[PDB]
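One structure is given below, encoded as structure tokens.
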Amino acid sequence: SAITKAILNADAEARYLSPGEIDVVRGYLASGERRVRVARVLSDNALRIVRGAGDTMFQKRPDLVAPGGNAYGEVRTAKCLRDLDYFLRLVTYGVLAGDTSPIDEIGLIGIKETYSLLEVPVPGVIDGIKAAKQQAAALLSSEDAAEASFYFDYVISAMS
Amino acid sequence: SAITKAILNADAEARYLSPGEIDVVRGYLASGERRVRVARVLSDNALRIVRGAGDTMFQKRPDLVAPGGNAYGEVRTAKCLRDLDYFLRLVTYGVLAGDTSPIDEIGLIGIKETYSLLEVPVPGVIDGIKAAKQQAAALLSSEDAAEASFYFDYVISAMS
Amino acid sequence: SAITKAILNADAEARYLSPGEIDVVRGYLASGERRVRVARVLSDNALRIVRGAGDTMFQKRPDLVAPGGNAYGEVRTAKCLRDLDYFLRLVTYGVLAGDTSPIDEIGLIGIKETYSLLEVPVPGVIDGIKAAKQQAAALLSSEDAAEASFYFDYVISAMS
Amino acid sequence: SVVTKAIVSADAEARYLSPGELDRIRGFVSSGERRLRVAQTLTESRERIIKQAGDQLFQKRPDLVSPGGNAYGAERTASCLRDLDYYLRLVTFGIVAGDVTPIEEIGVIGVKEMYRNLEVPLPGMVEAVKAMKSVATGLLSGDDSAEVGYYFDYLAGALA
Amino acid sequence: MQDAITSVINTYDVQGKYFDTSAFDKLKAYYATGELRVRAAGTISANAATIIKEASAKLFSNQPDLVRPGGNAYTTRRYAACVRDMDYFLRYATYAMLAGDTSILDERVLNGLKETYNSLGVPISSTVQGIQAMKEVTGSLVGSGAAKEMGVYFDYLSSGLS
Amino acid sequence: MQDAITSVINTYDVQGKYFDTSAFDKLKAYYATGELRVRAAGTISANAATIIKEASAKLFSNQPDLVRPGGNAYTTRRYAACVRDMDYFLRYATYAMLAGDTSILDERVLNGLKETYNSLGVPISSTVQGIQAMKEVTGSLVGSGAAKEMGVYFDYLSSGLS
Amino acid sequence: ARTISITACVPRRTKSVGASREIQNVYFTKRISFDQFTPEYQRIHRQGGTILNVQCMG
Amino acid sequence: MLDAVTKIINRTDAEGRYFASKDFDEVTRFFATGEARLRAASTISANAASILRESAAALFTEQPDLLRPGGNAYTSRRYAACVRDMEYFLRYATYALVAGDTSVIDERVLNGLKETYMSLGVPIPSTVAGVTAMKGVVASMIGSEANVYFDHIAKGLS
Amino acid sequence: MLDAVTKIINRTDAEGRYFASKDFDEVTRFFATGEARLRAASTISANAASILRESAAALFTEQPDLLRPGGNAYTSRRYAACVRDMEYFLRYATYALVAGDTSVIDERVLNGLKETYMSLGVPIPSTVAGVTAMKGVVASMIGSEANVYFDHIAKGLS
Amino acid sequence: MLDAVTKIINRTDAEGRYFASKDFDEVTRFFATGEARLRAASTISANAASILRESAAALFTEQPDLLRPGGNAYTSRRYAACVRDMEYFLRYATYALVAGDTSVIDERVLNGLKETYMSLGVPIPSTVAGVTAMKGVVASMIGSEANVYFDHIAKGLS
Amino acid sequence: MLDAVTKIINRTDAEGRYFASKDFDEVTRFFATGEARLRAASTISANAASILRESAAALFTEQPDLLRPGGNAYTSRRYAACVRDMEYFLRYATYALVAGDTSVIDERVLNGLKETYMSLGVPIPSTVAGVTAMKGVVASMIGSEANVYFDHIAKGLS
Ligand SMILES: CCC1=C(C)/C(=C/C2=NC(=C\c3[nH]c(/C=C4\NC(=O)[C@H](C)[C@H]4CC)c(C)c3CCC(=O)O)/C(CCC(=O)O)=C2C)NC1=O
Ligand SMILES: CCC1=C(C)/C(=C/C2=NC(=C\c3[nH]c(/C=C4\NC(=O)[C@H](C)[C@H]4CC)c(C)c3CCC(=O)O)/C(CCC(=O)O)=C2C)NC1=O
Ligand SMILES: CCC1=C(C)/C(=C/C2=NC(=C\c3[nH]c(/C=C4\NC(=O)[C@H](C)[C@H]4CC)c(C)c3CCC(=O)O)/C(CCC(=O)O)=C2C)NC1=O
Ligand SMILES: CCC1=C(C)/C(=C/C2=NC(=C\c3[nH]c(/C=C4\NC(=O)[C@H](C)[C@H]4CC)c(C)c3CCC(=O)O)/C(CCC(=O)O)=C2C)NC1=O
Ligand SMILES: CCC1=C(C)/C(=C/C2=NC(=C\c3[nH]c(/C=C4\NC(=O)[C@H](C)[C@H]4CC)c(C)c3CCC(=O)O)/C(CCC(=O)O)=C2C)NC1=O
Ligand SMILES: CCC1=C(C)/C(=C/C2=NC(=C\c3[nH]c(/C=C4\NC(=O)[C@H](C)[C@H]4CC)c(C)c3CCC(=O)O)/C(CCC(=O)O)=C2C)NC1=O
Ligand SMILES: CCC1=C(C)/C(=C/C2=NC(=C\c3[nH]c(/C=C4\NC(=O)[C@H](C)[C@H]4CC)c(C)c3CCC(=O)O)/C(CCC(=O)O)=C2C)NC1=O
Ligand SMILES: CCC1=C(C)/C(=C/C2=NC(=C\c3[nH]c(/C=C4\NC(=O)[C@H](C)[C@H]4CC)c(C)c3CCC(=O)O)/C(CCC(=O)O)=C2C)NC1=O
Ligand SMILES: CCC1=C(C)/C(=C/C2=NC(=C\c3[nH]c(/C=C4\NC(=O)[C@H](C)[C@H]4CC)c(C)c3CCC(=O)O)/C(CCC(=O)O)=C2C)NC1=O
């Protein structure tokens, strides 16, 4: 979390929170209402976002669901949609936390070698997450959409 | 002691005591009677040495025992005299051991942090220890006083 | 052995056996029959090799068994010939293993300290081992003699 | 020397010399005249020391000067005796220095490698150094004999 | 490092000779001055902080621009480093005086010091002035013979820098 | 380090070419000499201490002032350092002979060695004489064809030091 | 002085996995001097590790 | 370590579910109390040396035998180590006040502390009394807001 | 570590005798089996990625609750580590298959593994299930030539 | 480590009092015995290699099984480690003899030594026999001046 | 430029003092070394071509890549400039040896040399290696009398 990062910075120097760290924590606490609003909108609309992103991704990359595709079959396609749901939930976690530590800890550390070992196409995942970003931005206001897009883009850059 | 320091040295190079270290141990055992005499004089005269050193220190620095001073009050003045007594007994230990190791172990390591956090003026402690050094030299011959002054100035230099 | 060295080299790099390592293992396996033949000839004739080596060494250096010699007496001469026997056995071990690792682990590591503490003349040992190598070369064919001489010269070089 | 050792020990700790180190140096410099007298005594009798030492060594190790020996012949025996001269001069250096440092750098570090490269047997060296001890401590009074015996014991241990 | 005794030892070892009358005179001369050196070293060690306070105060009084802004000794860090370097010079002069030989000043101090100071921008003339200030302050504590001895090593440092 | 094989691979890779008949001739020549090289390496490793003993004996016989006081090999420490230098020279010469290539001598031995010897005071001409002694003894041990092969790397070291 | 034996478990949860052997530095028992104890205590805590056992030899 | 938001996040990640109404409620309560906790922490930090001095004085007034020869706090070194442990407690309870979670106390403070003290001979009840004294001194300045973290430390030792 | 020849050497060295006819026979038998073991090891190496992939799939089809939120294999990092452990097991079983003796498994793999999994929380029976699935895949691809080493890993775990 | 003088100083510091008459008497007793202790230590040091050689010979004549194949002293490596350990015991007993106190033997030798020997499989009764043989040799050379330190080693190993 | 006498004169003038005894002694010491320095300078001047030849040979034996295509010494012009630079170093080090002061090197050689080399891509560590090789050759001929001056040039490039 933002608070956790400030406290770890203080702890590494065996000191108290510096004025910069206090100002950071105050700004993070001030941003709480808009963070909660964005996360609640994304959480209430998770099924819509994931279904729409999956639809767009399979419409742009039909090979994945076709026979011989990585997501071919009902079970494997369900796992693909579940991964999109995982990444949307991680985006909401990062939005609430004010940093990307939950996203890294839960979902990104090791994801790249995981997908490479499972033959999962990372361009496909990136397309799905971009579709999820668009679906989320459709449900959010432009200012809130930018805040969510920060974390959607963080996930995309982690994969790319 | 001197013996312990020579043994530690020989042990670091994993060898028996060398001619120089035998000379150190022999010259220390030779000085035993003189060290015992000096320690006896300093020990039996601890009360008057501490009374005189405290009187001199307080005359030199009245603000310590003035209101708002670190030593103001019966309890704080008593602890001040007790610290002077502690340092005198440590000096006796250093004379007996033929090295400063007991003084470091019991009194010096951490005394700077202790006195900084308790707001104890280190120059005042130095003044009291100098007063104790002259009061001891009054009680000893020139050679015995020179022997004790080594450890007194060692304490003072560790302070400063 | 050769196999153990190949495996350890592969394990240090956290990888499977490389084609060069696989060639090493395959070549050692192919040589196994010749290695067994040499080791069997050496083992079946240990008494005569050690006896001839001891006689040659003691003839070259009668002082080792003269009064005041390191191997003087029946007990110490028996220990001497036992040492030569140990080195012959370790040579068979190294011929079989395809490397010098048994020779190092069982008899080479620490031998310099042991003999120096016991005042065993290392040149005497080297003369005895060279005599044993000549005895072995007598019983073996030229290629077999070269193969055994590799590990004999390894022992000699390790002592000197 | 004692002074150089104390200074280097203090310097690796970025401190001024302690009362113990200064006491060591005082004991060293007050012993300087006696040390110089003992060094003069051993220098005066250098040729006699070397001659009876070589006599005893070759009497108790006749193989050295017998055919095949390391010191066999006239020039090799001369080199043998020149080594004892080197080591006696090192002992005098170490006596004036107050420790075995000059001995250690000039004559102890690397000696095993050098007598291996020269085929000089080290038990012979130890016997020769012990013979020099006996001859040289025969020439001094009670305290000086033990003091010089310590340096000779240092050599004997370092050669063994 | 090399002290006076090991200096004699090295000369005689290199030329391969036992000590003669001349070596014994040099060694007697060193031993005779030993008590004065030990006394001076104990006095300097007991007073080192006071010596540094006085010398730094005299230096910064004579050159106030060092500790004002734009000076090389202007910050708490650079002031602390300045008096730290003065602690070096006092401590290594005390070592060289106790050893009776300047070899430690070559090995442990002067080697590369001009290059360090010229790379840092540290003014070397002001450093020599500070060394001189320590020389007078130390001489004020140790007395005639010890002052004359310590001044040799202070001047060696000054010459090595300047 | 590069061997003969890797030297050929380096040329053809920087030229981006497949092996042609000339490359196969060169690689074939290395494979042909491989058995001789292996036998010479085994002989040298078996006799390494004897080689160092005989060669240092020759070097200190021709230049006896090296081991007397004032020589650069007078002390046990400096004598040991000298024979250790000779041992390393012999082992790297054997490496280069096995590889059929002097690259390991450039990469591990020669670079900065002359400047180090100059800074320490090691007499470089005497070092070259010791290397020549090791060459003569080694060539006596390993036979004529191996002598020609091994002397090339011995001379490479001698020229690098001269 | 005195030596203290610390048995600790220090996971790798802050970074990605690797093929190299890693088990020995993750779970370990070492004793260190008293003056090194605080730095090692804090280093174990900082890497998310757990201190399992503390003993004073003697 | 965890703060309150990451603790709620780790819980929801344990069920693998999005934030529901109660989770957002906990988060918004934490955001509401953040400013008060920040002011309490700044107050503690501003008076750190004073709080530590008073708390050490209280500890050693109630248990004078800790300082007497033979007591665990009798030397300059052992007294300094005692006061340094109390400084740790103050700093990390302040960290936990800012975070809103006693995690940092568990990972960075109480983890192995009890075994360390027992292996060293440090008396646990005297350290608990010191934590209680420090708690009282802090609550005399910032109110009852840091009480839970000092209680957590004391029970972790207890 | 030991191989079969070195193990026979140690057995001859403990009792301090030269190799006898039985010892030479055992060594000769090990040399006779070398080509098949080498080809098996090469077959495992050339298909290591596949073997790992379907062995992980077999484990997680057998026990899907490992992957579920709250399971020990639920995160990208923990799944990575699970598959990495299975890679450890495959590579070291192949080492033991080339060596012909299981000492490398005992020193590099099984040494302290159970304690480390208890401390970490990795379920031993599920890890053993993964080891058995990997054994099944390896035996399907090369035959029964590697079963002893996988059984050794499993027994050392359970 | 502690010598006798530092042991006395530690007692007086634990009691918090200056040196009294009996303490100075104990210190004077140590200073009185110091010269004889130095002579004995110098005698041991001068003949350390010889002492070690007959002590090893006495132990291995007493227990020839250790040198036989399958014994703990059977290899050049394990023989070297055994004589190395005996040299440790001799040198540290000499240290304790000079220091007048057995502490250095405790924190430098006996601390964790039994656990080390069980982990290695070293026969402790045989090590105690080696210490006893060393005791006999040293007593034959210098007298009974070092007996208590060798007894301390033997009892701390038992 | 300055020499030793002018350096001492400027030092005495910065203090506004006359020459003291120590200053006269320093000037006398400089005058005493004049004959050896002049013979050394003449020896260098007589063998300048050989010194440069062996220095360049040593440089390019150490680093043959410099002469290969794409090296900074690869062309007739670039090799010419390299040997001309070393010739400048030799002549100006001889000047500084005669003067006894390194000011001529600072005035005529290091006046923008490092900036010039960094701008042109002249490899400075290789240039320093060449300067040090020339130092070695000059020392082999005349001894250490010139070493410091060569070191100055190296320090001017680093
Ligand atoms: C909460 C943290 C977390 C993440 C992120 C995660 C991803 C993840 N997806 C997996 C499989 C999979 N992942 C996908 C998804 C891919 N298929 C399509 O091509 C798309 C491009 C793409 C998704 C957008 C598919 C189809 C599989 C099944 C592949 C197989 O089992 O062979 C696996 C291997 C184990 C399993 O089958 O569940 C992981 C670990 N798991 C986690 O515990
Ligand atoms: C045996 C080794 C040892 C030492 C060295 C030692 C010093 C020491 N002095 C202390 C307090 C004190 N020390 C002093 C002494 C000062 N008063 C004046 O200012 C003078 C400048 C100066 C003495 C000359 C005073 C007044 C206190 C009480 C301060 C307070 O209560 O906050 C304390 C804090 C705990 C206590 O109250 O006792 C320590 C640890 N304690 C030890 O166990
Ligand atoms: C299997 C590994 C192994 C090796 C290699 C080994 C060598 C060995 N030989 C020893 C003694 C000995 N070794 C020798 C033999 C030497 N002296 C003669 O002069 C010859 C030059 C030379 C033999 C060719 C002798 C005479 C002794 C007895 C020395 C003594 O105890 O005083 C000892 C000391 C223990 C003892 O036997 O009393 C060892 C460790 N021991 C091992 O367990
Ligand atoms: C930009 C960072 C910086 C600082 C802060 C700094 C402080 C500083 N204060 C100095 C003197 C001084 N500073 C003080 C200040 C003290 N008087 C009372 O005690 C107060 C507690 C306290 C001030 C509130 C005094 C009295 C002196 C004169 C001390 C003396 O000469 O003995 C000096 C010595 C030279 C001079 O007088 O200019 C420095 C360098 N230097 C720096 O480079
Ligand atoms: C100052 C430190 C120092 C020492 C000590 C030293 C010893 C030394 N002794 C040598 C020769 C020798 N040294 C000896 C001595 C041995 N002969 C018997 O075995 C005895 C056990 C023993 C002497 C008591 C002999 C016989 C030689 C001649 C070797 C030969 O001819 O090859 C040599 C070879 C060079 C020469 O002969 O001049 C050295 C370097 N060198 C040093 O720089
Ligand atoms: C070569 C010898 C070797 C072994 C054997 C070894 C095992 C091992 N596995 C680890 C992590 C792990 N290991 C697993 C294994 C999985 N957990 C369950 O889901 C599965 C049933 C099971 C595998 C089939 C997991 C999930 C972790 C991560 C645990 C965590 O970080 O919380 C760790 C902790 C360090 C790290 O995270 O990399 C070790 C030491 N390490 C070694 O160096
Ligand atoms: C940031 C997390 C952290 C903690 C919690 C921590 C506690 C801690 N306290 C220690 C010692 C100590 N702790 C104390 C304090 C106790 N003794 C007094 O009597 C009091 C009752 C009481 C304190 C209120 C003392 C006296 C020692 C010294 C032990 C000794 O040397 O005998 C040590 C041993 C290391 C050392 O002293 O250098 C640790 C690790 N260290 C850490 O890095
Ligand atoms: C100075 C402090 C210190 C001590 C005390 C110490 C003891 C010690 N002895 C060891 C091994 C050993 N110790 C022995 C000695 C035994 N063999 C038996 O036959 C004898 C009866 C008996 C001795 C009299 C042996 C044989 C080993 C080798 C064990 C092995 O490698 O299998 C080891 C294992 C590490 C190594 O091999 O170097 C230690 C730590 N080490 C230290 O640093
Ligand atoms: C009298 C005072 C004086 C000095 C000191 C001097 C040095 C000097 N060397 C130069 C170029 C150069 N210097 C070098 C030398 C380098 N080549 C590398 O391989 C070597 C490591 C190294 C020499 C040891 C080279 C190759 C150039 C030409 C660079 C270019 O033109 O690209 C230049 C740039 C202009 C020119 O090319 O002439 C100067 C000014 N010139 C002067 O008038």
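Each chain gets a letter, A, B and so on, in the order its sequence line appears, and its residues count up from 1. Note that ligands are numbered from 1 as they come in the structure, with each ligand's atoms numbered from 1 the same way. Atoms considered below: every heavy atom in the structure, side chains included; atoms not considered: hydrogens, waters and symmetry mates.
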Donor-acceptor side-chain pairing of H/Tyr18 and A/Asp85 below 3.5 angstrom: yes
query: In ligand 6, which numbered atoms sit nearer than 4.0 Å to a non-hydrogen atom of G/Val26?
result: 35 (C)
- prompt: Any idea which atoms of ligand 1 are less than 4.0 Å away from a heavy-atom of A/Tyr115?
  reply: 7 (C), 9 (N)
- prompt: What atoms in ligand 1 come closer than 4.0 Å to a heavy atom of A/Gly124?
  reply: 21 (C)
message: For the backbone of A/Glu113 and the side chain of A/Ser116, can you confirm whether one donor and one acceptor N or O come within less than 3.5 Å of each other?
response: yes
- request: For H/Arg77 and B/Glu105, indicate whether the former's side chain and the latter's backbone hold a donor-acceptor pair under 3.5 Å.
  value: no
message: Give the atom numbers and elements of ligand 1 that come within less than 4.0 Å of a heavy atom of A/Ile111.
response: 5 (C)
- prompt: Of all residues at least two apart in sequence or in a different chain, which pass the ring pair (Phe, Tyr, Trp, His ring centres under 6.0 Å) check with I/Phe60?
  reply: I/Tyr79
- request: Examine the proximity of ligand 6 to G/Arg13 and report which part, side chain or backbone, both or neither, has a heavy atom under 4.0 Å away.
  value: side chain
query: So is A/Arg82 in contact with ligand 1, going by heavy-atom distances below 4.0 Å?
result: yes
query: According to the interplanar angle, ranging from 0 to 90°, do the rings of H/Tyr95 and H/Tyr92 count as parallel (below 30°), tilted (30 to 60°) or perpendicular (above 60°)?
result: perpendicular
- request: Answer with yes or no whether the side chains of A/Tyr151 and A/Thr92 bring together a donor and an acceptor at under 3.5 Å.
  value: no
Any donor-acceptor N/O pair, H/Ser126 side chain to H/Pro123 backbone, under 3.5 Å: no
Contacting atoms of ligand 6, where contact means under 4.0 angstrom from a heavy atom of G/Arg21: 1 (C), 43 (O)
- prompt: Should you measure from each heavy atom of A/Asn70, which atoms of ligand 1 turn up under 4.0 Å away?
  reply: 16 (C), 17 (N), 18 (C), 19 (O), 25 (C), 26 (C)
A/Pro121 neighbourhood, listing ligand 1 atoms whose heavy-atom distance to it stays under 4.0 Å: 19 (O), 21 (C)
query: Short list, please: which atoms of ligand 6 are under 4.0 Å from a heavy atom of G/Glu22?
result: 43 (O)
task: Is it possible for you to check whether G/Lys30 lies under 6.0 Å from the centre of the six-membered ring of G/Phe28, through NZ or CZ, and within 45° of that ring's axis?
output: yes
message: I'd like to check whether A/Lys79 has a polar contact with ligand 1, where a contact means an N/O of the residue lying under 3.5 Å from an N/O of the ligand.
response: yes
message: Using a 3.5 Å cut-off on N or O atoms only, is I/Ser76 in polar contact with ligand 1?
response: no
field: Close-contact set for ligand 1 against A/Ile106 heavy atoms, below 4.0 Å
entry: 2 (C)
task: For residues I/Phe150 and I/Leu90, determine if any side-chain heavy atom of one lies less than 4.5 Å from a side-chain heavy atom of the other.
output: yes
task: Sort out the contact shell of ligand 7: every protein residue with a heavy-atom distance below 4.0 Å, listed by chain and number.
output: G/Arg2, G/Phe34, G/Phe37, G/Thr38, G/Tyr41, G/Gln42, H/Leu59, H/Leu66, H/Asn72, H/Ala73, H/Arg77, H/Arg78, H/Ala81, H/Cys82, H/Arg84, H/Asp85, H/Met86, H/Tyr88, H/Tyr92, H/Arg108, H/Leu113, H/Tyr117, H/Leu120, H/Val122, H/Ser126, H/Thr127
query: Passes side chain to side chain donor-acceptor pair (under 3.5 Å), G/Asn53 versus G/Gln55? Steps please.
result: CA-CA 7 Å; G/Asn53 173 238; G/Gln55 296 294 141; 3.1 Å; yes
- prompt: Side chain, backbone, both or neither: which part of A/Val125 comes within less than 4.0 Å of ligand 1 when only heavy atoms are counted?
  reply: both
message: Using modelled atom types and a 3.5 Å cut-off, is there a donor and acceptor pairing between side-chain atoms of I/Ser76 and backbone atoms of A/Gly107?
response: yes
- prompt: Numbering the atoms of ligand 1 from 1, which are under 4.0 Å from a heavy atom of A/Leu64?
  reply: 19 (O), 21 (C)
message: At less than 4.0 angstrom from any non-hydrogen atom of A/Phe87, what atoms of ligand 1 do you find?
response: 5 (C)
message: I'd like to know if the side chain of A/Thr100 and the backbone of A/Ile103 have a donor-acceptor N/O pair within less than 3.5 Å.
response: no
task: Determine whether A/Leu108 and A/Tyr154 make a side-chain contact, defined as any pair of heavy atoms from C-beta on separated by less than 4.5 Å.
output: yes
query: Among side-chain atoms of H/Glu107 and H/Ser103, is any donor-acceptor pair under 3.5 angstrom?
result: yes
